[PDB]
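Here is the file upload.txt (compact mmCIF, N, CA and C atoms).
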```
# COMPACT_ATOMS: atom_id res chain seq x y z
N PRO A 1 108.87 139.07 146.65
CA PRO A 1 110.30 139.38 146.54
C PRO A 1 110.59 140.60 145.68
N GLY A 2 111.80 140.65 145.12
CA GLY A 2 112.23 141.82 144.40
C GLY A 2 111.68 141.91 142.99
N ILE A 3 112.01 143.02 142.34
CA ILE A 3 111.61 143.26 140.96
C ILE A 3 112.74 142.79 140.05
N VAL A 4 112.40 141.99 139.03
CA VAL A 4 113.40 141.58 138.06
C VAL A 4 113.72 142.76 137.15
N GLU A 5 115.00 142.95 136.84
CA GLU A 5 115.45 144.08 136.05
C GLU A 5 115.77 143.61 134.64
N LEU A 6 114.98 144.01 133.71
CA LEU A 6 115.10 143.71 132.29
C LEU A 6 115.73 144.88 131.55
N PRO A 7 116.48 144.63 130.48
CA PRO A 7 117.00 145.74 129.69
C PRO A 7 115.91 146.38 128.84
N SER A 8 116.13 147.65 128.50
CA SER A 8 115.17 148.36 127.68
C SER A 8 115.23 147.87 126.23
N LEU A 9 114.25 148.29 125.44
CA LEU A 9 114.18 147.87 124.05
C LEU A 9 115.25 148.52 123.19
N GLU A 10 115.82 149.65 123.63
CA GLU A 10 116.95 150.23 122.92
C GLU A 10 118.20 149.38 123.09
N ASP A 11 118.31 148.67 124.22
CA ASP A 11 119.47 147.83 124.48
C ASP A 11 119.46 146.56 123.65
N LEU A 12 118.31 146.21 123.06
CA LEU A 12 118.17 144.99 122.28
C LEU A 12 118.20 145.24 120.78
N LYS A 13 118.24 146.49 120.34
CA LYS A 13 118.27 146.80 118.92
C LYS A 13 119.65 146.54 118.35
N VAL A 14 119.70 145.76 117.27
CA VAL A 14 120.94 145.39 116.62
C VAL A 14 120.58 145.00 115.19
N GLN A 15 121.55 145.11 114.29
CA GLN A 15 121.33 144.71 112.90
C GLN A 15 121.29 143.19 112.82
N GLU A 16 120.08 142.64 112.68
CA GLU A 16 119.87 141.20 112.73
C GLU A 16 120.43 140.52 111.49
N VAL A 17 121.05 139.35 111.69
CA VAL A 17 121.51 138.52 110.59
C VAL A 17 120.29 137.81 110.02
N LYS A 18 119.71 138.40 108.98
CA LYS A 18 118.44 137.94 108.43
C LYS A 18 118.63 136.98 107.26
N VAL A 19 119.42 135.93 107.46
CA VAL A 19 119.63 134.94 106.42
C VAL A 19 119.02 133.62 106.89
N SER A 20 118.74 132.75 105.93
CA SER A 20 118.04 131.52 106.24
C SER A 20 119.00 130.47 106.77
N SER A 21 118.43 129.36 107.24
CA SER A 21 119.21 128.32 107.90
C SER A 21 120.12 127.59 106.94
N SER A 22 119.74 127.50 105.67
CA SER A 22 120.63 126.90 104.68
C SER A 22 121.78 127.84 104.33
N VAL A 23 121.54 129.15 104.38
CA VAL A 23 122.61 130.12 104.19
C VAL A 23 123.58 130.06 105.37
N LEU A 24 123.04 129.80 106.56
CA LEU A 24 123.88 129.66 107.75
C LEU A 24 124.68 128.37 107.71
N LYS A 25 124.04 127.26 107.33
CA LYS A 25 124.71 125.97 107.36
C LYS A 25 125.70 125.82 106.21
N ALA A 26 125.43 126.46 105.07
CA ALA A 26 126.38 126.44 103.97
C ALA A 26 127.62 127.24 104.30
N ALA A 27 127.46 128.35 105.01
CA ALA A 27 128.58 129.18 105.41
C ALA A 27 129.07 128.86 106.80
N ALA A 28 128.79 127.66 107.31
CA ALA A 28 128.96 127.39 108.73
C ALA A 28 130.42 127.19 109.12
N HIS A 29 131.17 126.39 108.35
CA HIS A 29 132.53 126.06 108.76
C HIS A 29 133.47 127.26 108.61
N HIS A 30 133.27 128.08 107.59
CA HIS A 30 134.07 129.30 107.49
C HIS A 30 133.64 130.33 108.52
N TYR A 31 132.37 130.31 108.94
CA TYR A 31 131.95 131.17 110.04
C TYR A 31 132.55 130.71 111.36
N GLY A 32 132.71 129.40 111.54
CA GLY A 32 133.30 128.90 112.76
C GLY A 32 134.80 129.06 112.80
N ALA A 33 135.44 129.14 111.63
CA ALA A 33 136.87 129.41 111.61
C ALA A 33 137.17 130.90 111.72
N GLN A 34 136.41 131.74 111.02
CA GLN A 34 136.78 133.15 110.90
C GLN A 34 136.18 134.02 111.99
N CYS A 35 134.99 133.70 112.47
CA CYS A 35 134.34 134.45 113.54
C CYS A 35 134.53 133.76 114.88
N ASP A 36 135.71 133.16 115.09
CA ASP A 36 135.98 132.38 116.29
C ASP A 36 135.96 133.23 117.55
N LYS A 37 136.74 134.32 117.55
CA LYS A 37 137.12 134.98 118.80
C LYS A 37 135.95 135.65 119.53
N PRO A 38 135.12 136.51 118.92
CA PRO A 38 134.01 137.07 119.71
C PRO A 38 132.92 136.07 120.00
N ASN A 39 132.78 135.03 119.18
CA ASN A 39 131.85 133.95 119.50
C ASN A 39 132.27 133.21 120.76
N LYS A 40 133.56 132.91 120.90
CA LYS A 40 133.99 132.21 122.10
C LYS A 40 134.04 133.11 123.32
N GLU A 41 134.35 134.40 123.13
CA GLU A 41 134.17 135.38 124.20
C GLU A 41 132.73 135.40 124.69
N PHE A 42 131.78 135.40 123.75
CA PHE A 42 130.37 135.42 124.10
C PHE A 42 129.93 134.15 124.80
N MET A 43 130.36 132.99 124.32
CA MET A 43 129.87 131.75 124.92
C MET A 43 130.55 131.46 126.25
N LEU A 44 131.80 131.89 126.43
CA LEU A 44 132.42 131.86 127.75
C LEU A 44 131.69 132.80 128.71
N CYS A 45 131.30 133.99 128.23
CA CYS A 45 130.52 134.90 129.05
C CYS A 45 129.15 134.32 129.36
N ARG A 46 128.61 133.52 128.45
CA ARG A 46 127.27 133.00 128.59
C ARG A 46 127.24 131.81 129.55
N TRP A 47 128.27 130.96 129.54
CA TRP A 47 128.35 129.90 130.55
C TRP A 47 128.96 130.34 131.87
N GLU A 48 129.62 131.49 131.94
CA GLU A 48 130.09 131.92 133.25
C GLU A 48 129.09 132.83 133.95
N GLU A 49 128.45 133.73 133.23
CA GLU A 49 127.51 134.64 133.88
C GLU A 49 126.19 133.96 134.19
N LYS A 50 125.79 132.98 133.36
CA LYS A 50 124.54 132.21 133.50
C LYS A 50 123.30 133.10 133.46
N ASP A 51 123.41 134.23 132.78
CA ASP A 51 122.41 135.29 132.75
C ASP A 51 122.59 136.01 131.42
N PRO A 52 121.60 135.96 130.53
CA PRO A 52 121.76 136.60 129.21
C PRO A 52 121.83 138.11 129.27
N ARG A 53 121.27 138.73 130.30
CA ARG A 53 121.31 140.19 130.43
C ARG A 53 122.72 140.69 130.68
N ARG A 54 123.59 139.86 131.24
CA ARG A 54 124.98 140.21 131.41
C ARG A 54 125.83 139.87 130.20
N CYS A 55 125.21 139.38 129.12
CA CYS A 55 125.95 138.89 127.97
C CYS A 55 125.54 139.58 126.68
N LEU A 56 124.89 140.74 126.77
CA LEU A 56 124.27 141.35 125.60
C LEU A 56 125.30 141.97 124.66
N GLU A 57 126.24 142.75 125.21
CA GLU A 57 127.17 143.51 124.40
C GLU A 57 128.10 142.60 123.60
N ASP B 1 129.65 91.47 209.36
CA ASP B 1 130.50 92.55 208.89
C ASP B 1 130.64 93.62 209.96
N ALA B 2 131.73 94.37 209.87
CA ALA B 2 131.91 95.51 210.74
C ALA B 2 130.94 96.62 210.35
N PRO B 3 130.52 97.46 211.31
CA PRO B 3 129.69 98.61 210.95
C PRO B 3 130.43 99.62 210.09
N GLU B 4 131.76 99.71 210.24
CA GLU B 4 132.59 100.51 209.34
C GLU B 4 132.45 100.04 207.91
N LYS B 5 132.47 98.72 207.71
CA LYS B 5 132.45 98.15 206.37
C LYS B 5 131.11 98.38 205.69
N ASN B 6 130.02 98.11 206.41
CA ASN B 6 128.68 98.36 205.87
C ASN B 6 128.44 99.84 205.64
N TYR B 7 128.98 100.69 206.51
CA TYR B 7 128.76 102.13 206.43
C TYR B 7 129.46 102.72 205.21
N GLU B 8 130.74 102.39 205.04
CA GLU B 8 131.50 102.93 203.92
C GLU B 8 131.10 102.28 202.61
N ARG B 9 130.69 101.01 202.65
CA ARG B 9 130.13 100.36 201.47
C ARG B 9 128.82 101.00 201.05
N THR B 10 128.00 101.42 202.02
CA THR B 10 126.76 102.12 201.71
C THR B 10 127.03 103.48 201.09
N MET B 11 128.06 104.17 201.59
CA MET B 11 128.46 105.44 200.97
C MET B 11 128.93 105.25 199.53
N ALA B 12 129.66 104.17 199.27
CA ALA B 12 130.09 103.87 197.90
C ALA B 12 128.90 103.58 196.99
N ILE B 13 127.95 102.78 197.48
CA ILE B 13 126.74 102.45 196.74
C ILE B 13 125.93 103.70 196.44
N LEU B 14 125.78 104.58 197.43
CA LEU B 14 125.00 105.80 197.23
C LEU B 14 125.68 106.76 196.27
N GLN B 15 127.01 106.82 196.27
CA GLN B 15 127.70 107.67 195.30
C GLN B 15 127.51 107.15 193.88
N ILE B 16 127.66 105.83 193.68
CA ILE B 16 127.52 105.24 192.35
C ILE B 16 126.10 105.40 191.82
N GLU B 17 125.10 105.18 192.68
CA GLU B 17 123.73 105.28 192.21
C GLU B 17 123.27 106.72 192.04
N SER B 18 123.80 107.65 192.85
CA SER B 18 123.49 109.06 192.64
C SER B 18 124.10 109.58 191.35
N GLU B 19 125.33 109.14 191.03
CA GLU B 19 125.95 109.48 189.76
C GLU B 19 125.16 108.94 188.58
N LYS B 20 124.69 107.68 188.68
CA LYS B 20 123.90 107.11 187.59
C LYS B 20 122.57 107.84 187.42
N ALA B 21 121.95 108.26 188.52
CA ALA B 21 120.68 108.97 188.42
C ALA B 21 120.84 110.36 187.81
N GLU B 22 121.89 111.08 188.22
CA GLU B 22 122.16 112.38 187.62
C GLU B 22 122.52 112.26 186.15
N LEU B 23 123.22 111.19 185.77
CA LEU B 23 123.53 110.97 184.37
C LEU B 23 122.31 110.59 183.55
N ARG B 24 121.34 109.89 184.14
CA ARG B 24 120.11 109.60 183.40
C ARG B 24 119.27 110.85 183.21
N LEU B 25 119.24 111.73 184.21
CA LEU B 25 118.54 113.00 184.06
C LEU B 25 119.19 113.89 183.00
N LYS B 26 120.53 113.93 182.98
CA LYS B 26 121.24 114.63 181.92
C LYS B 26 121.00 113.99 180.56
N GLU B 27 120.86 112.67 180.51
CA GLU B 27 120.60 111.95 179.27
C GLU B 27 119.24 112.33 178.69
N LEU B 28 118.23 112.42 179.56
CA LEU B 28 116.90 112.86 179.13
C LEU B 28 116.92 114.29 178.62
N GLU B 29 117.64 115.17 179.32
CA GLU B 29 117.69 116.57 178.91
C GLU B 29 118.44 116.75 177.59
N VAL B 30 119.53 116.00 177.41
CA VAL B 30 120.30 116.03 176.17
C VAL B 30 119.48 115.52 174.99
N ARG B 31 118.73 114.42 175.18
CA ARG B 31 117.87 113.91 174.12
C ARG B 31 116.78 114.91 173.75
N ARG B 32 116.21 115.59 174.76
CA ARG B 32 115.17 116.57 174.48
C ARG B 32 115.71 117.75 173.68
N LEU B 33 116.89 118.24 174.06
CA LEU B 33 117.48 119.37 173.35
C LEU B 33 117.92 119.00 171.94
N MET B 34 118.45 117.79 171.75
CA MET B 34 118.89 117.40 170.42
C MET B 34 117.74 117.07 169.49
N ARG B 35 116.61 116.59 170.02
CA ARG B 35 115.44 116.47 169.15
C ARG B 35 114.86 117.85 168.84
N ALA B 36 114.92 118.77 169.80
CA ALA B 36 114.31 120.08 169.59
C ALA B 36 115.10 120.92 168.59
N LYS B 37 116.43 120.92 168.69
CA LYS B 37 117.24 121.81 167.87
C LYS B 37 117.93 121.13 166.71
N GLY B 38 118.17 119.82 166.79
CA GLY B 38 118.79 119.09 165.71
C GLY B 38 120.24 119.43 165.45
N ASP B 39 120.93 119.99 166.44
CA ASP B 39 122.29 120.47 166.26
C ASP B 39 123.35 119.52 166.80
N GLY B 40 122.96 118.47 167.51
CA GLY B 40 123.91 117.53 168.04
C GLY B 40 124.13 116.35 167.12
N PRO B 41 124.91 115.36 167.56
CA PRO B 41 125.12 114.16 166.74
C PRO B 41 123.94 113.22 166.67
N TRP B 42 122.96 113.35 167.55
CA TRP B 42 121.81 112.46 167.52
C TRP B 42 120.69 113.16 166.75
N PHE B 43 119.72 112.35 166.30
CA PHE B 43 118.58 112.78 165.49
C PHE B 43 119.02 113.48 164.21
N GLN B 44 120.12 113.02 163.62
CA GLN B 44 120.62 113.59 162.37
C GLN B 44 120.02 112.79 161.22
N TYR B 45 118.77 113.11 160.91
CA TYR B 45 118.09 112.42 159.83
C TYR B 45 118.66 112.86 158.49
N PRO B 46 118.89 111.93 157.57
CA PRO B 46 119.79 112.20 156.45
C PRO B 46 119.17 113.11 155.40
N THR B 47 120.04 113.90 154.79
CA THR B 47 119.73 114.74 153.65
C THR B 47 120.52 114.25 152.45
N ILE B 48 120.40 114.97 151.34
CA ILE B 48 121.03 114.56 150.10
C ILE B 48 122.52 114.91 150.14
N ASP B 49 123.35 113.93 149.81
CA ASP B 49 124.78 114.15 149.66
C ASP B 49 125.04 115.07 148.47
N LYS B 50 125.76 116.17 148.71
CA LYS B 50 126.09 117.11 147.64
C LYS B 50 127.28 116.66 146.80
N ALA B 51 127.86 115.50 147.10
CA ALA B 51 128.85 114.90 146.22
C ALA B 51 128.22 114.29 144.97
N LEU B 52 126.90 114.15 144.93
CA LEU B 52 126.22 113.61 143.76
C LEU B 52 126.00 114.64 142.68
N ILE B 53 126.20 115.92 142.97
CA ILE B 53 125.89 116.98 142.02
C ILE B 53 126.96 117.01 140.93
N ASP B 54 126.52 117.02 139.68
CA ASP B 54 127.43 117.22 138.56
C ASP B 54 127.71 118.71 138.42
N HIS B 55 128.96 119.11 138.66
CA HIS B 55 129.36 120.50 138.51
C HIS B 55 130.06 120.76 137.17
N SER B 56 129.71 120.01 136.14
CA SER B 56 130.26 120.19 134.81
C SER B 56 129.45 121.24 134.05
N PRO B 57 130.05 121.88 133.04
CA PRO B 57 129.27 122.79 132.18
C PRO B 57 128.29 122.01 131.32
N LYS B 58 127.01 122.30 131.49
CA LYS B 58 125.96 121.51 130.86
C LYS B 58 125.78 121.94 129.40
N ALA B 59 124.72 121.44 128.77
CA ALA B 59 124.48 121.71 127.36
C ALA B 59 123.93 123.11 127.12
N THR B 60 123.16 123.65 128.07
CA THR B 60 122.61 124.99 127.97
C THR B 60 123.12 125.82 129.14
N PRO B 61 123.38 127.12 128.94
CA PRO B 61 124.08 127.89 129.98
C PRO B 61 123.24 128.34 131.15
N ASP B 62 121.92 128.45 131.02
CA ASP B 62 121.09 129.07 132.05
C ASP B 62 120.72 128.04 133.11
N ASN B 63 121.66 127.79 134.01
CA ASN B 63 121.49 126.82 135.09
C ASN B 63 122.48 127.03 136.24
```
Show the structure stored in the file as structure tokens.
Amino acid sequence: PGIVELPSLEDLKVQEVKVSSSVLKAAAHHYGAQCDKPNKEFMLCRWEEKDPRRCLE
Amino acid sequence: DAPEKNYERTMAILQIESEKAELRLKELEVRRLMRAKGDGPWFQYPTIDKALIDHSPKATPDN
């Protein structure tokens, strides 16, 4: 069949959130209140597109 | 019986039996075509009902 099309490594470069899981869980409820809108844009895009390559930006 | 009666009764018998024979030949041909192509109401061996599929958003998105 066809060739699967993957994004390049430049498309995956981003400033990673390099904090530990306790730093994430301690800051979790304020992250869920304050970072609501692009997170829900992303997860709606992620359950509608069903393809992570269409959900990168 | 009159020869008229036997004669016309024989014509009636021959029409009924010729119709039944042509219908049996058509029945054989119809059964052969429906087993071969599977497009008629006969030989419809069952598949999975698609009403059983859960179309809800699942726990993970890649599906």
Once DSSP has gone over the backbone, tell me which residues of chain A are in alpha helix (DSSP H), as a VMD selection string. chain A and resid 21 to 26 28 to 34 36 to 49
Distance cut-off 12 Å, centre (118.7, 147.4, 131.3) in file coordinates, counting only C-alpha atoms: which residues qualify? Return them as a ChimeraX atom specification. /A:4-12,52-57
Do me a favour and pick out the residues of chain A within 12 Å of chain B, using only C-alpha atoms, as an mmCIF file with N, CA and C atoms, in the frame of the given file.
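Final output, iface-v5.cif:
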```cif
data_model
loop_
_atom_site.group_PDB
_atom_site.id
_atom_site.type_symbol
_atom_site.label_atom_id
_atom_site.label_comp_id
_atom_site.auth_asym_id
_atom_site.auth_seq_id
_atom_site.Cartn_x
_atom_site.Cartn_y
_atom_site.Cartn_z
ATOM 1 N N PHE A 42 131.780 135.400 123.750
ATOM 2 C CA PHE A 42 130.370 135.420 124.100
ATOM 3 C C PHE A 42 129.930 134.150 124.800
ATOM 4 N N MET A 43 130.360 132.990 124.320
ATOM 5 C CA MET A 43 129.870 131.750 124.920
ATOM 6 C C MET A 43 130.550 131.460 126.250
ATOM 7 N N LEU A 44 131.800 131.890 126.430
ATOM 8 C CA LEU A 44 132.420 131.860 127.750
ATOM 9 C C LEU A 44 131.690 132.800 128.710
ATOM 10 N N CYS A 45 131.300 133.990 128.230
ATOM 11 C CA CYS A 45 130.520 134.900 129.050
ATOM 12 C C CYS A 45 129.150 134.320 129.360
ATOM 13 N N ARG A 46 128.610 133.520 128.450
ATOM 14 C CA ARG A 46 127.270 133.000 128.590
ATOM 15 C C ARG A 46 127.240 131.810 129.550
ATOM 16 N N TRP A 47 128.270 130.960 129.540
ATOM 17 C CA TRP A 47 128.350 129.900 130.550
ATOM 18 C C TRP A 47 128.960 130.340 131.870
ATOM 19 N N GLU A 48 129.620 131.490 131.940
ATOM 20 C CA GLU A 48 130.090 131.920 133.250
ATOM 21 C C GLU A 48 129.090 132.830 133.950
ATOM 22 N N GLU A 49 128.450 133.730 133.230
ATOM 23 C CA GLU A 49 127.510 134.640 133.880
ATOM 24 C C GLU A 49 126.190 133.960 134.190
ATOM 25 N N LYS A 50 125.790 132.980 133.360
ATOM 26 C CA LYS A 50 124.540 132.210 133.500
ATOM 27 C C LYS A 50 123.300 133.100 133.460
ATOM 28 N N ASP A 51 123.410 134.230 132.780
ATOM 29 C CA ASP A 51 122.410 135.290 132.750
ATOM 30 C C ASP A 51 122.590 136.010 131.420
ATOM 31 N N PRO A 52 121.600 135.960 130.530
ATOM 32 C CA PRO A 52 121.760 136.600 129.210
ATOM 33 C C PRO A 52 121.830 138.110 129.270
ATOM 34 N N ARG A 53 121.270 138.730 130.300
ATOM 35 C CA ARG A 53 121.310 140.190 130.430
ATOM 36 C C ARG A 53 122.720 140.690 130.680
ATOM 37 N N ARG A 54 123.590 139.860 131.240
ATOM 38 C CA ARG A 54 124.980 140.210 131.410
ATOM 39 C C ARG A 54 125.830 139.870 130.200
ATOM 40 N N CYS A 55 125.210 139.380 129.120
ATOM 41 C CA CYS A 55 125.950 138.890 127.970
ATOM 42 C C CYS A 55 125.540 139.580 126.680
#
```
Box centre and edge lengths (Å, one decimal), axis-aligned, range 42-47 of chain A plus 4 Å each side, as AutoDock Vina command-line options:
```
--center_x 129.8 --center_y 132.7 --center_z 127.8 --size_x 13.2 --size_y 13.5 --size_z 16.1
```
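Distance-wise, atom N of residue 31 in chain B and atom C of residue 12 in chain B end up 26.4 Å apart.
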